[PDB]
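Below is input16.txt, which holds compact mmCIF, N, CA, C and O atoms.
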```txt
# COMPACT_ATOMS: atom_id res chain seq x y z
N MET A 1 -5.48 15.86 8.87
CA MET A 1 -6.50 15.06 8.23
C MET A 1 -6.12 13.59 8.38
O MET A 1 -5.24 13.07 7.72
N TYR A 2 -6.79 12.94 9.35
CA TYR A 2 -6.69 11.50 9.56
C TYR A 2 -5.27 11.12 9.95
O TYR A 2 -4.80 10.00 9.65
N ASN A 3 -4.55 12.03 10.60
CA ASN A 3 -3.22 11.75 11.10
C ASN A 3 -3.28 11.17 12.51
O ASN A 3 -4.09 11.59 13.33
N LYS A 4 -2.37 10.27 12.81
CA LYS A 4 -2.26 9.60 14.10
C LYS A 4 -0.88 9.77 14.71
O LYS A 4 0.08 9.48 14.02
N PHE A 5 -0.82 10.29 15.96
CA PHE A 5 0.40 10.53 16.71
C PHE A 5 0.24 9.86 18.07
O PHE A 5 -0.59 10.33 18.89
N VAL A 6 0.86 8.69 18.26
CA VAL A 6 0.63 7.87 19.45
C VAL A 6 1.93 7.51 20.12
O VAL A 6 2.83 7.02 19.40
N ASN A 7 2.01 7.76 21.44
CA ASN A 7 3.23 7.54 22.18
C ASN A 7 2.97 6.63 23.37
O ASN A 7 2.01 6.92 24.13
N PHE A 8 3.77 5.57 23.54
CA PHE A 8 3.88 4.74 24.73
C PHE A 8 5.27 4.96 25.33
O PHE A 8 6.26 4.53 24.71
N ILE A 9 5.32 5.70 26.42
CA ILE A 9 6.57 6.09 27.07
C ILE A 9 6.59 5.58 28.52
O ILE A 9 7.49 4.86 28.88
N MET B 1 -8.88 17.82 11.69
CA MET B 1 -9.90 17.03 11.04
C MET B 1 -9.52 15.55 11.20
O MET B 1 -8.64 15.03 10.53
N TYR B 2 -10.19 14.90 12.16
CA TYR B 2 -10.09 13.47 12.38
C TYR B 2 -8.66 13.08 12.77
O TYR B 2 -8.20 11.97 12.46
N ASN B 3 -7.95 13.99 13.41
CA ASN B 3 -6.61 13.71 13.91
C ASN B 3 -6.68 13.13 15.33
O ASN B 3 -7.49 13.56 16.14
N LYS B 4 -5.77 12.23 15.63
CA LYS B 4 -5.66 11.57 16.92
C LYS B 4 -4.27 11.74 17.53
O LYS B 4 -3.32 11.45 16.84
N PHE B 5 -4.22 12.25 18.78
CA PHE B 5 -2.99 12.49 19.53
C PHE B 5 -3.16 11.83 20.89
O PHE B 5 -3.99 12.30 21.71
N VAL B 6 -2.54 10.66 21.08
CA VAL B 6 -2.77 9.84 22.27
C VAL B 6 -1.46 9.48 22.94
O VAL B 6 -0.57 8.98 22.21
N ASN B 7 -1.39 9.72 24.26
CA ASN B 7 -0.17 9.50 25.00
C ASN B 7 -0.43 8.59 26.19
O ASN B 7 -1.39 8.88 26.94
N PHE B 8 0.38 7.54 26.36
CA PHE B 8 0.48 6.70 27.55
C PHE B 8 1.87 6.92 28.14
O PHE B 8 2.86 6.49 27.52
N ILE B 9 1.93 7.67 29.24
CA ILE B 9 3.18 8.06 29.89
C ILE B 9 3.20 7.55 31.33
O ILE B 9 4.09 6.82 31.69
N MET C 1 -12.28 19.79 14.50
CA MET C 1 -13.30 18.99 13.86
C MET C 1 -12.91 17.52 14.01
O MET C 1 -12.04 17.00 13.35
N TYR C 2 -13.59 16.87 14.98
CA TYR C 2 -13.49 15.43 15.19
C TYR C 2 -12.06 15.05 15.58
O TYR C 2 -11.59 13.93 15.28
N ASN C 3 -11.35 15.96 16.23
CA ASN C 3 -10.01 15.68 16.73
C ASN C 3 -10.08 15.10 18.14
O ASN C 3 -10.89 15.52 18.96
N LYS C 4 -9.16 14.20 18.44
CA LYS C 4 -9.06 13.53 19.73
C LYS C 4 -7.67 13.70 20.34
O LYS C 4 -6.72 13.41 19.65
N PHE C 5 -7.62 14.21 21.59
CA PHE C 5 -6.39 14.45 22.34
C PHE C 5 -6.56 13.79 23.71
O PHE C 5 -7.38 14.26 24.52
N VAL C 6 -5.94 12.62 23.89
CA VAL C 6 -6.17 11.80 25.08
C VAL C 6 -4.86 11.44 25.75
O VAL C 6 -3.96 10.95 25.03
N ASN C 7 -4.79 11.69 27.07
CA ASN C 7 -3.57 11.46 27.82
C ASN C 7 -3.83 10.56 29.00
O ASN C 7 -4.79 10.84 29.76
N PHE C 8 -3.02 9.50 29.17
CA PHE C 8 -2.92 8.67 30.36
C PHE C 8 -1.53 8.88 30.96
O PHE C 8 -0.54 8.46 30.34
N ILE C 9 -1.47 9.63 32.05
CA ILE C 9 -0.22 10.02 32.70
C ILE C 9 -0.20 9.51 34.15
O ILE C 9 0.70 8.79 34.51
N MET D 1 -2.09 13.90 6.05
CA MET D 1 -3.10 13.10 5.41
C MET D 1 -2.72 11.62 5.56
O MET D 1 -1.84 11.10 4.90
N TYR D 2 -3.40 10.97 6.53
CA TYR D 2 -3.29 9.54 6.75
C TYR D 2 -1.87 9.15 7.14
O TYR D 2 -1.40 8.04 6.83
N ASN D 3 -1.15 10.07 7.78
CA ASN D 3 0.18 9.78 8.28
C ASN D 3 0.12 9.20 9.70
O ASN D 3 -0.70 9.63 10.51
N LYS D 4 1.03 8.30 9.99
CA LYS D 4 1.14 7.64 11.29
C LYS D 4 2.52 7.81 11.89
O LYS D 4 3.48 7.52 11.21
N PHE D 5 2.58 8.32 13.15
CA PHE D 5 3.80 8.56 13.89
C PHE D 5 3.63 7.90 15.26
O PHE D 5 2.81 8.37 16.08
N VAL D 6 4.25 6.73 15.45
CA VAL D 6 4.02 5.91 16.64
C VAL D 6 5.33 5.55 17.31
O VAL D 6 6.23 5.05 16.58
N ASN D 7 5.41 5.79 18.63
CA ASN D 7 6.62 5.57 19.37
C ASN D 7 6.37 4.66 20.56
O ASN D 7 5.41 4.95 21.31
N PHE D 8 7.17 3.61 20.73
CA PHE D 8 7.28 2.77 21.92
C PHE D 8 8.66 2.99 22.51
O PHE D 8 9.66 2.56 21.89
N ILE D 9 8.72 3.74 23.61
CA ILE D 9 9.97 4.13 24.26
C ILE D 9 9.99 3.62 25.70
O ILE D 9 10.89 2.89 26.06
N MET E 1 1.31 11.93 3.24
CA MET E 1 0.29 11.14 2.59
C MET E 1 0.68 9.66 2.75
O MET E 1 1.55 9.14 2.09
N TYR E 2 0.00 9.01 3.72
CA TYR E 2 0.10 7.57 3.93
C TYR E 2 1.53 7.19 4.32
O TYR E 2 2.00 6.07 4.02
N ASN E 3 2.24 8.10 4.97
CA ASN E 3 3.58 7.82 5.47
C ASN E 3 3.51 7.24 6.88
O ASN E 3 2.70 7.66 7.69
N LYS E 4 4.43 6.34 7.18
CA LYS E 4 4.53 5.67 8.47
C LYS E 4 5.92 5.84 9.08
O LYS E 4 6.87 5.55 8.39
N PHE E 5 5.97 6.36 10.33
CA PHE E 5 7.20 6.60 11.08
C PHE E 5 7.03 5.93 12.44
O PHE E 5 6.20 6.40 13.26
N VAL E 6 7.65 4.77 12.63
CA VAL E 6 7.42 3.94 13.82
C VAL E 6 8.73 3.58 14.49
O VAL E 6 9.63 3.09 13.77
N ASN E 7 8.80 3.83 15.81
CA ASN E 7 10.02 3.61 16.55
C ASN E 7 9.76 2.70 17.74
O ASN E 7 8.80 2.99 18.50
N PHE E 8 10.57 1.64 17.91
CA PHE E 8 10.67 0.81 19.10
C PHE E 8 12.06 1.03 19.70
O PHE E 8 13.05 0.60 19.08
N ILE E 9 12.12 1.77 20.79
CA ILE E 9 13.37 2.16 21.44
C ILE E 9 13.39 1.65 22.89
O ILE E 9 14.29 0.93 23.25
N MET F 1 11.20 8.30 42.11
CA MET F 1 10.54 7.01 42.17
C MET F 1 9.11 7.19 41.66
O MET F 1 8.24 7.72 42.32
N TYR F 2 8.92 6.77 40.39
CA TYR F 2 7.61 6.72 39.76
C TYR F 2 7.00 8.11 39.65
O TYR F 2 5.77 8.28 39.69
N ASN F 3 7.85 9.13 39.54
CA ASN F 3 7.39 10.49 39.35
C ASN F 3 7.23 10.80 37.85
O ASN F 3 8.04 10.37 37.04
N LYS F 4 6.24 11.61 37.53
CA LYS F 4 5.93 12.02 36.17
C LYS F 4 5.91 13.54 36.03
O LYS F 4 5.23 14.16 36.81
N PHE F 5 6.71 14.07 35.07
CA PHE F 5 6.82 15.49 34.79
C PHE F 5 6.60 15.67 33.29
O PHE F 5 7.46 15.24 32.48
N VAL F 6 5.41 16.13 32.90
CA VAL F 6 5.01 16.17 31.49
C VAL F 6 4.53 17.55 31.11
O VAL F 6 3.65 18.08 31.84
N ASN F 7 5.08 18.09 30.01
CA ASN F 7 4.77 19.43 29.58
C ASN F 7 4.29 19.43 28.14
O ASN F 7 4.99 18.82 27.29
N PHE F 8 3.15 20.08 27.85
CA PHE F 8 2.66 20.43 26.53
C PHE F 8 2.68 21.95 26.42
O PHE F 8 1.87 22.61 27.10
N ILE F 9 3.65 22.47 25.67
CA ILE F 9 3.88 23.91 25.53
C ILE F 9 3.77 24.31 24.06
O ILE F 9 2.97 25.15 23.73
N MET G 1 7.81 10.26 44.92
CA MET G 1 7.14 8.98 44.99
C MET G 1 5.71 9.16 44.47
O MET G 1 4.84 9.68 45.14
N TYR G 2 5.52 8.74 43.21
CA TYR G 2 4.21 8.68 42.57
C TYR G 2 3.61 10.08 42.47
O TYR G 2 2.37 10.25 42.51
N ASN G 3 4.45 11.10 42.36
CA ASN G 3 3.99 12.46 42.16
C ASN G 3 3.83 12.77 40.67
O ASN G 3 4.64 12.33 39.86
N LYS G 4 2.85 13.57 40.35
CA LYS G 4 2.54 13.99 38.98
C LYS G 4 2.52 15.50 38.85
O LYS G 4 1.83 16.13 39.63
N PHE G 5 3.31 16.04 37.88
CA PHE G 5 3.43 17.46 37.60
C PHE G 5 3.20 17.64 36.10
O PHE G 5 4.06 17.20 35.29
N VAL G 6 2.01 18.10 35.72
CA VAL G 6 1.61 18.14 34.31
C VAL G 6 1.13 19.52 33.93
O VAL G 6 0.26 20.05 34.66
N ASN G 7 1.68 20.05 32.82
CA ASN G 7 1.37 21.40 32.39
C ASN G 7 0.89 21.40 30.95
O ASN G 7 1.59 20.79 30.10
N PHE G 8 -0.24 22.04 30.67
CA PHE G 8 -0.74 22.39 29.34
C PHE G 8 -0.72 23.91 29.23
O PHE G 8 -1.52 24.58 29.92
N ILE G 9 0.25 24.44 28.49
CA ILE G 9 0.48 25.87 28.35
C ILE G 9 0.37 26.28 26.88
O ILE G 9 -0.43 27.12 26.55
N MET H 1 4.41 12.22 47.74
CA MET H 1 3.75 10.94 47.80
C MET H 1 2.31 11.12 47.29
O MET H 1 1.44 11.65 47.95
N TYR H 2 2.12 10.70 46.02
CA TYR H 2 0.81 10.65 45.39
C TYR H 2 0.21 12.04 45.28
O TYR H 2 -1.03 12.21 45.32
N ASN H 3 1.05 13.06 45.17
CA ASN H 3 0.59 14.42 44.98
C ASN H 3 0.44 14.73 43.48
O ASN H 3 1.24 14.30 42.67
N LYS H 4 -0.55 15.54 43.16
CA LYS H 4 -0.86 15.95 41.80
C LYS H 4 -0.88 17.47 41.66
O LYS H 4 -1.56 18.09 42.44
N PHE H 5 -0.09 18.00 40.70
CA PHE H 5 0.03 19.42 40.42
C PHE H 5 -0.19 19.60 38.92
O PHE H 5 0.66 19.17 38.11
N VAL H 6 -1.39 20.06 38.53
CA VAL H 6 -1.79 20.10 37.13
C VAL H 6 -2.27 21.48 36.74
O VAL H 6 -3.14 22.01 37.47
N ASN H 7 -1.71 22.02 35.64
CA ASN H 7 -2.03 23.36 35.21
C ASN H 7 -2.50 23.36 33.77
O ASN H 7 -1.80 22.75 32.92
N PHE H 8 -3.64 24.01 33.48
CA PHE H 8 -4.13 24.36 32.16
C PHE H 8 -4.12 25.88 32.05
O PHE H 8 -4.92 26.54 32.73
N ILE H 9 -3.15 26.40 31.30
CA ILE H 9 -2.92 27.84 31.17
C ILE H 9 -3.03 28.24 29.69
O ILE H 9 -3.83 29.08 29.36
N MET I 1 14.60 6.33 39.29
CA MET I 1 13.94 5.05 39.36
C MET I 1 12.51 5.23 38.84
O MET I 1 11.63 5.75 39.51
N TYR I 2 12.31 4.81 37.58
CA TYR I 2 11.00 4.75 36.94
C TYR I 2 10.40 6.15 36.84
O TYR I 2 9.16 6.32 36.88
N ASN I 3 11.25 7.17 36.73
CA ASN I 3 10.79 8.53 36.53
C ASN I 3 10.63 8.84 35.04
O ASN I 3 11.43 8.40 34.22
N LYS I 4 9.64 9.64 34.72
CA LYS I 4 9.33 10.06 33.35
C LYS I 4 9.31 11.57 33.22
O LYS I 4 8.63 12.20 34.00
N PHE I 5 10.10 12.11 32.25
CA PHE I 5 10.22 13.53 31.97
C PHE I 5 10.00 13.71 30.47
O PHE I 5 10.85 13.27 29.66
N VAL I 6 8.81 14.17 30.09
CA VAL I 6 8.40 14.21 28.68
C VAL I 6 7.92 15.59 28.30
O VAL I 6 7.05 16.12 29.03
N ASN I 7 8.48 16.12 27.19
CA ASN I 7 8.17 17.47 26.76
C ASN I 7 7.69 17.47 25.32
O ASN I 7 8.39 16.86 24.47
N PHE I 8 6.55 18.11 25.04
CA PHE I 8 6.06 18.46 23.71
C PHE I 8 6.08 19.98 23.60
O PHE I 8 5.27 20.65 24.28
N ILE I 9 7.05 20.51 22.86
CA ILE I 9 7.27 21.94 22.72
C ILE I 9 7.17 22.35 21.24
O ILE I 9 6.37 23.19 20.92
N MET J 1 18.00 4.37 36.48
CA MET J 1 17.34 3.09 36.54
C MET J 1 15.90 3.26 36.03
O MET J 1 15.03 3.79 36.69
N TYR J 2 15.71 2.84 34.76
CA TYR J 2 14.40 2.79 34.13
C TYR J 2 13.80 4.18 34.02
O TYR J 2 12.56 4.35 34.06
N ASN J 3 14.64 5.20 33.91
CA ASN J 3 14.18 6.56 33.71
C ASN J 3 14.03 6.87 32.22
O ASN J 3 14.83 6.44 31.41
N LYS J 4 13.04 7.68 31.90
CA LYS J 4 12.73 8.09 30.54
C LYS J 4 12.71 9.61 30.40
O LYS J 4 12.03 10.23 31.18
N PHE J 5 13.50 10.14 29.44
CA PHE J 5 13.62 11.56 29.16
C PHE J 5 13.40 11.74 27.66
O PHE J 5 14.25 11.31 26.85
N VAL J 6 12.20 12.20 27.27
CA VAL J 6 11.80 12.24 25.86
C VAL J 6 11.32 13.62 25.48
O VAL J 6 10.45 14.16 26.21
N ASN J 7 11.88 14.16 24.37
CA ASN J 7 11.56 15.50 23.95
C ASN J 7 11.09 15.50 22.51
O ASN J 7 11.79 14.89 21.66
N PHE J 8 9.95 16.15 22.22
CA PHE J 8 9.46 16.50 20.90
C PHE J 8 9.47 18.02 20.79
O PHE J 8 8.67 18.68 21.47
N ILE J 9 10.44 18.54 20.04
CA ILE J 9 10.67 19.98 19.90
C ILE J 9 10.56 20.38 18.43
O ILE J 9 9.76 21.22 18.10
```

Taking this structure as input, can you express it in the form of structure tokens?
Amino acid sequence: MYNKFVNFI
Amino acid sequence: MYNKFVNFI
Amino acid sequence: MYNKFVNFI
Amino acid sequence: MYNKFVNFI
Amino acid sequence: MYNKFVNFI
Amino acid sequence: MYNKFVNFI
Amino acid sequence: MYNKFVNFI
Amino acid sequence: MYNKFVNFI
Amino acid sequence: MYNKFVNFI
Amino acid sequence: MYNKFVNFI
């Protein structure tokens, strides 16, 4: 619910 | 529900 | 439900 | 719920 | 709930 | 050289 | 050289 | 060289 | 050289 | 040289 998982690799 | 999973690899 | 899974590889 | 997990590697 | 986990590595 | 090996399991 | 090997399993 | 090998399983 | 090996398991 | 090896297990 409205979670954000963001990766810059 | 309105989750965001974004990857820049 | 309104989930986003986006990949730039 | 409204959690943010962000990585710059 | 409104937790933030952010890494610059 | 600029190779990408990415797994979602 | 600029090869991409990506798996969604 | 610029080869792509992508699997959705 | 600029190779990326990323796993989500 | 500028290689990245990242695991989410």

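Interatomic distance, atom CA of residue H:7 against atom CA of residue I:4: 17.6 Å.
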
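Close contacts of residue J:6, defined as residues with an atom at most 10 Å away when counting only C-alpha atoms, with chain neighbours fewer than 6 positions off set aside, comprise residues 9 of chain A; 9 of chain D; 6 of chain F; 4, 5, 6, 7 and 8 of chain I.
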
>> Applying 10 Å and only C-alpha atoms, which residues near residue D:1 remain after dropping the ones on its own chain fewer than 5 positions away? List them as JSON, numbers by chain.
In response: {"A": [1, 2, 3, 4], "B": [1, 2, 3], "E": [1, 2, 3]}
